[PDB]
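Student: Got a structure for you, questions after.
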Amino acid sequence: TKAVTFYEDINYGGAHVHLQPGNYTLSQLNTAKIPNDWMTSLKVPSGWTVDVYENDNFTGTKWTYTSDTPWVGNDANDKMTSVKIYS
Ligand code: NI
């Protein structure tokens, strides 16, 4: 099973969580054990797209990742509140 992996810390450190494609609100992230304001790095399967949103329900600033990322950027860091994952 291919999945996006979200990591708590820089360079894929700390706690991590795997998620299949989908559109996850903040509550859904928390249910899958991803707290708010937590994600710092992520791995993305080849050909996939991850749209990280600053606020809930897929709003606010949107950062897009299409490959493995040891650091999501200073603005994006610990700001993920909702996210859309595409294969
Ligand atoms: Ni794992």
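By convention here, the chains of the structure tokens are called A, B, ... in the order presented, each chain's residues are numbered starting at 1, and ligands are numbered starting at 1 in the order presented.
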For residue A:43, work out the shell of residues within 12 Å, counting only C-alpha atoms and skipping chain neighbours fewer than 2 positions away, then give it as a PyMOL selection string.
Tutor: chain A and resi 2-8+10-13+16-19+39-41+45-50+65-72+85
Student: Could you write out that same residue set with N, CA and C atoms as a compact mmCIF listing (two decimals), in the first residue's frame?
Tutor:
```
# COMPACT_ATOMS: atom_id res chain seq x y z
N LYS A 2 0.69 2.11 -1.01
CA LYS A 2 1.41 3.39 -1.03
C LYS A 2 0.71 4.39 -0.12
N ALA A 3 1.49 5.25 0.52
CA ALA A 3 0.94 6.26 1.43
C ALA A 3 1.85 7.49 1.57
N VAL A 4 1.25 8.63 1.87
CA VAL A 4 2.04 9.79 2.29
C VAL A 4 2.39 9.58 3.75
N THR A 5 3.62 9.92 4.13
CA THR A 5 4.05 9.84 5.53
C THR A 5 4.35 11.24 6.04
N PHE A 6 3.64 11.66 7.09
CA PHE A 6 3.89 12.96 7.72
C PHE A 6 4.73 12.78 8.99
N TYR A 7 5.74 13.62 9.17
CA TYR A 7 6.65 13.53 10.31
C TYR A 7 6.57 14.77 11.18
N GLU A 8 6.70 14.55 12.48
CA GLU A 8 6.64 15.62 13.47
C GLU A 8 7.82 16.58 13.38
N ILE A 10 11.96 17.80 11.77
CA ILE A 10 12.73 18.02 10.57
C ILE A 10 13.46 16.75 10.17
N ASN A 11 13.69 16.62 8.87
CA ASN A 11 14.39 15.48 8.31
C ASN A 11 13.79 14.14 8.74
N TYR A 12 12.47 14.08 8.76
CA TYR A 12 11.72 12.83 8.99
C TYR A 12 11.93 12.30 10.39
N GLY A 13 12.14 13.21 11.34
CA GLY A 13 12.32 12.82 12.73
C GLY A 13 11.03 12.83 13.52
N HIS A 16 5.48 9.83 13.42
CA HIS A 16 5.00 9.90 12.04
C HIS A 16 3.66 9.20 11.86
N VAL A 17 2.96 9.59 10.80
CA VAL A 17 1.66 9.02 10.47
C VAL A 17 1.53 8.83 8.96
N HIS A 18 0.99 7.68 8.55
CA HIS A 18 0.76 7.38 7.13
C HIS A 18 -0.69 7.63 6.73
N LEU A 19 -0.93 8.28 5.59
CA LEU A 19 -2.30 8.51 5.16
C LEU A 19 -2.45 8.23 3.69
N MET A 39 3.12 19.15 11.77
CA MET A 39 3.85 18.57 10.64
C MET A 39 5.02 19.47 10.19
N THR A 40 6.19 18.85 10.06
CA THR A 40 7.42 19.55 9.70
C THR A 40 8.08 18.93 8.46
N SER A 41 7.88 17.64 8.23
CA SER A 41 8.44 17.03 7.03
C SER A 41 7.53 15.92 6.54
N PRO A 45 4.83 9.62 -2.33
CA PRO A 45 5.06 8.65 -3.40
C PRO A 45 5.17 9.34 -4.75
N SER A 46 5.96 8.76 -5.64
CA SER A 46 6.17 9.32 -6.97
C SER A 46 4.84 9.49 -7.69
N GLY A 47 4.62 10.67 -8.25
CA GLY A 47 3.41 10.95 -8.99
C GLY A 47 2.26 11.47 -8.16
N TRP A 48 2.43 11.50 -6.85
CA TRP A 48 1.37 11.99 -5.97
C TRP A 48 1.49 13.49 -5.71
N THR A 49 0.42 14.08 -5.19
CA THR A 49 0.39 15.50 -4.85
C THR A 49 -0.21 15.71 -3.46
N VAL A 50 0.45 16.52 -2.64
CA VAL A 50 -0.05 16.88 -1.32
C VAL A 50 -0.26 18.39 -1.18
N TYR A 65 3.28 19.92 -2.18
CA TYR A 65 4.46 19.06 -2.23
C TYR A 65 4.23 17.90 -3.18
N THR A 66 5.20 17.64 -4.05
CA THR A 66 5.08 16.55 -5.01
C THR A 66 6.29 15.62 -4.96
N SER A 67 7.09 15.74 -3.91
CA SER A 67 8.22 14.84 -3.68
C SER A 67 8.62 14.88 -2.21
N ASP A 68 9.46 13.95 -1.77
CA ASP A 68 9.90 13.91 -0.38
C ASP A 68 10.47 15.26 0.05
N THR A 69 10.17 15.66 1.28
CA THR A 69 10.47 17.00 1.77
C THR A 69 10.94 16.96 3.22
N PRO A 70 12.25 17.17 3.44
CA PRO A 70 12.79 17.12 4.80
C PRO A 70 12.42 18.34 5.64
N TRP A 71 11.88 19.36 4.99
CA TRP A 71 11.51 20.61 5.66
C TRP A 71 10.48 21.33 4.81
N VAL A 72 9.29 21.54 5.36
CA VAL A 72 8.18 22.05 4.55
C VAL A 72 8.27 23.56 4.28
N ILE A 85 -4.73 14.95 -0.36
CA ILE A 85 -3.74 14.03 -0.91
C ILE A 85 -4.30 13.41 -2.19
```
Student: Might you pull out every residue within 12 Å of residue A:57, with only C-alpha atoms counted and same-chain residues fewer than 6 positions away left off, and present them as a list in words?
Tutor: residues 23, 24, 25, 26, 27, 28, 29, 51, 80, 81, 82, 83 and 84 of chain A
Student: Which is closest to ligand 1 among A:79, A:53, A:42, A:61, if we use only C-alpha atoms and all ligand atoms?
Tutor: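 Looking at the shortest contact to ligand 1, the residue is A:42.
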Student: Run DSSP on the backbone and tell me which residues of chain A come out as alpha helix (DSSP H); list them as a PyMOL selection string.
Tutor: chain A and resi 26-31
Student: Looking at A:75, A:14, A:9, A:64, which one is nearest to ligand 1, with distances taken over only C-alpha atoms and all ligand atoms?
Tutor: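 When distances to ligand 1 are compared using only C-alpha atoms and all ligand atoms, the smallest one comes from A:14.
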